[PDB]
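Undergrad: First piece of the complex, coordinates kept as in the full assembly:
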Amino acid sequence: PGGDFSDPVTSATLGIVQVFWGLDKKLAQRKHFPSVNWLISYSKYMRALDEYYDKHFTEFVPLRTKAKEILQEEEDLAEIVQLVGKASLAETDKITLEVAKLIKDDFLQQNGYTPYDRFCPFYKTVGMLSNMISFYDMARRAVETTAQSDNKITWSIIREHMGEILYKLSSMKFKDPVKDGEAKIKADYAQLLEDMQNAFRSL
Amino acid sequence: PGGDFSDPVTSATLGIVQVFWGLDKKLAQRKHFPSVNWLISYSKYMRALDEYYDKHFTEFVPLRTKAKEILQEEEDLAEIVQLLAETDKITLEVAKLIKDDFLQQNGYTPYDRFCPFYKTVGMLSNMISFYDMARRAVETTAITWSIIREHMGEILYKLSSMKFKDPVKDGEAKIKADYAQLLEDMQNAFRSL
Amino acid sequence: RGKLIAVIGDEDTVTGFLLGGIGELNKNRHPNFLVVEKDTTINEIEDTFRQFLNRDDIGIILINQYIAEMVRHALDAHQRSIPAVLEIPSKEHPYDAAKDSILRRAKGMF
């Protein structure tokens, strides 16, 4: 009742179940349909699955880890944004904010009624995550290398230089599973990664 | 109890007991056992005992009031500090020293297992005379607080370390003499401030 | 004592102000001023302005109006308390009465 988590029903329920998926109404009110509160949800089956990944998706294991810390740092910075405006943060903080925004906008949003997103195969998801973390790695490396340079790069310079690539990153998820082979999707993602590497080399 | 102030036992007890002392809101330091809660900490025997005090100790008579003045002034200004003149800083640092030294008695060590009233009188006189001649202005009397601290850091350490004079082996005379020497050092620092 | 006032103006302003009481050569034999002429271009005005900005012992900068318009971007981009830049017209140039950044940052004026 009331959307609160103090009633005895949920209190008793959480004492038994091993994995919990809290839903936040605020996300639902802003049309973020898979309204999952990543800040409070927790799964106890993080163990006993590392071997499955070792034999299928070994590369995937650290990716989600990195995603968790970037979201956590976004949360820790969000209140400092709320009470203190921008232009008081380093470039690493701003690019991390941008990466979190991209994660929320694309990796988290899923519309189950569209043909292109009614169901997400796993390979699509891991490819997306690899692309995003590769972007974050390259951007952080670029800004930290030029941190001590007389021509230190700022977020605006990066955004203008490769904004079309950001559109491509947002739009990669508009691919069907049917009428589109897995090889085609993987090739497109690798091609986008290569474009990103070229854009970072040019700087 | 969980409801310290709201416990019916406490409410009935405050309606009868002549003299009461209590803990403040549960501080970050769970080992702050000798605390004080100015909201409800009081006594009802000052009237029937001032005549006795006058024949033994008389310096404390304004000092006991002044300590309360200082503490309540700090309590008023603390929430504003959390959310800034130098005299405010002098007040709050003195109050912090008072809480750190005068309060937070150990008990389980000999040097604070027992304290004769004279030891308390001496240490409190020094600790409060620090403020009585530092609040007369932002300067020594009518700079800033940071200048005072940078000038007299050793003085603050010695003020803090008054506590360790064990009454068991050190008699009253020796502890009084040490405190008086420290007071003279404070006076010398005031003259050079 | 601590700071030395700089001047950047046409010949009459410079010669008038040098007799006025100011002007100096440091130990490095470098003018704390500059005489502008019709042949002067923008880049060296900008360079001397920046050199003065980095020079700790400038304090106050007096520049002509039209010179300020030549390097208006240098003025607007740079925002600090120490370099007190001013605006003064020359004899033939009309009165300066607007487009002063110090008035611009206080928009609520007339």
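TA: Received the coordinates, thanks. Numbering: from 1, shown residues only, chains lettered A, B, ... in the order given.
Undergrad: For the rest of this, base every contact and every neighbour count on C-alpha atoms.
TA: Fine.
Undergrad: So which residue is dead centre in the chain?
TA: Using chain A here. Centroid-nearest residue in chain A: residue A:103, 2.9 Å away (criterion: C-alpha atoms, centre = their mean).
Undergrad: wait, I meant chain C there
TA: residue C:63 (2.6 Å).
Undergrad: Following element in sequence after the host helix or strand of it, please.
TA: Here residue C:63, judged by DSSP states H and E, is contained in strand C:60-64. Using DSSP H and E, the helix or strand that directly follows strand C:60-64 along the chain is helix C:65-70.
Undergrad: which parts of the helix or strand that that next one is followed by are buried?
TA: Next along the chain after helix C:65-70, taking DSSP H and E as the criterion, comes helix C:72-77. For helix C:72-77, burial by neighbour count (16 or more other C-alpha atoms under 10 Å in any protein chain shown) applies to residue C:72.
Undergrad: could you dump helix C:72-77 to PDB, C-alpha only?
TA: Extracted as PDB, the C-alpha positions of helix C:72-77 are listed here (Å, rounded to 0.1, in the frame of the first residue of the first chain):
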ATOM      1  CA  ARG C  72      38.200  43.600 -27.100                       C
ATOM      2  CA  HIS C  73      38.200  39.800 -27.100                       C
ATOM      3  CA  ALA C  74      41.300  39.800 -24.800                       C
ATOM      4  CA  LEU C  75      39.600  42.100 -22.400                       C
ATOM      5  CA  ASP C  76      36.300  40.100 -22.400                       C
ATOM      6  CA  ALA C  77      37.900  36.700 -22.100                       C
END
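Undergrad: and the next helix or strand along the chain from that helix, what other elements does it pack with?
TA: Next helix or strand after helix C:72-77 toward the C-terminus (DSSP H and E): strand C:84-88. With contacts taken as 3 or more C-alpha pairs under 8 Å, 6 or more residues apart in numbering or on different chains; DSSP states H and E, strand C:84-88 sits against strand C:60-64, helix C:65-70.
Undergrad: go ahead and place chain D:
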Amino acid sequence: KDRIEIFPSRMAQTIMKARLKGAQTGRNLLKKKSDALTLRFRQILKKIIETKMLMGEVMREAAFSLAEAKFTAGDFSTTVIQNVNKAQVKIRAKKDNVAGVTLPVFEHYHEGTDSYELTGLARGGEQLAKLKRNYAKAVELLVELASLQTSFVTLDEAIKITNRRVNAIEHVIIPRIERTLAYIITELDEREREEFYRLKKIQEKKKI
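TA: Take a look at chain D, now in place beside the chains above:
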């Protein structure tokens, strides 16, 4: 996040009431400080444009005296510009703590190096002395204006910071506290009602 995370209890209520009072008083003092800074802001802004008109008038007077000296002498300017040795007027950095923050201002510190006897260009010494006096007055006025606007800069920066802080305290913390207090009152009411129902039931059964 709209509700401060704390379990309902009477001491939660007391603590939140105390925090509400403290926040209100702090907001009042911060608004006061902003008001005082804005008062100073307006007061020093009473005249910069008028000092600018005075600067213009003095400068034109100096220029006219310079023209007269040019008629008297002709080509002193080259001599003046070539021979520059030591400054006879320098500037003393100064501070004026008019509020919680310190403002930068300056002083016309007459260092006092001897002037230059220019006795070569037909020797219009009257003209040169008059020119020196007029430009000295111009320099003093300009130093005054420089100090004024230099303090003004730091003043308006502090003002904007304080106003931003005032808005932050007003539009965030207080609504959260009020919502938390209402929620706490509701929960305590629920507990009391439930106890009342238990007591009613036990009396009902006891009636047998």
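Undergrad: Repeat for what packs on strand C:84-88, accounting for chain D.
TA: For strand C:84-88, the elements it packs on are strand C:60-64, helix C:65-70, helix D:125-168, judged by 3+ C-alpha pairs under 8 Å, 6+ apart.
Undergrad: Pick the most buried one from those.
TA: strand C:60-64 (a mean of 22; mean count of other C-alpha atoms under 10 Å in any protein chain shown).
Undergrad: The closest residue to chain B within chain A: neighbour count?
TA: Nearest residue of chain A to chain B, counting by C-alpha to the nearest C-alpha: residue A:83, 12.7 Å away. By other C-alpha atoms under 10 Å in any protein chain shown, the residues close to residue A:83 number 16.
Undergrad: how about the nearest residue to it, chain neighbours excluded?
TA: Distances taken as C-alpha to C-alpha, 6 or more residues apart in numbering or on different chains place residue D:168 nearest to residue A:83, at 6.0 Å, with adjacent residues excluded.
Undergrad: pretty sure that neighbour is in contact with residue A:81, am I right?
TA: No - using C-alpha atoms under 8 Å, residue D:168 makes no contact with residue A:81, being 11.3 Å away.
Undergrad: quick one on the thing from earlier: show me the residues around the residue nearest to the centre of chain C that make contact.
TA: Residues in contact with residue C:63 (C-alpha atoms under 8 Å, 6 or more residues apart in numbering or on different chains) are C:7, C:8, C:9, C:85, C:86, C:87, C:88.
Undergrad: Farthest pair within the residues you listed?
TA: C:9 and C:85 (13.0 Å; C-alpha to C-alpha).
Undergrad: Between these two, point out the one with more neighbours.
TA: Neighbours were counted for residue C:9 and for residue C:85 using other C-alpha under 10 Å; residue C:9 has more, 24 against 19.
Undergrad: Kindly state the beta-bridge partners for that one.
TA: residue C:35 (DSSP bridges).
Undergrad: Next one: it relative to residue A:28, how far apart?
TA: 65 Å (C-alpha to C-alpha, to the nearest Å).
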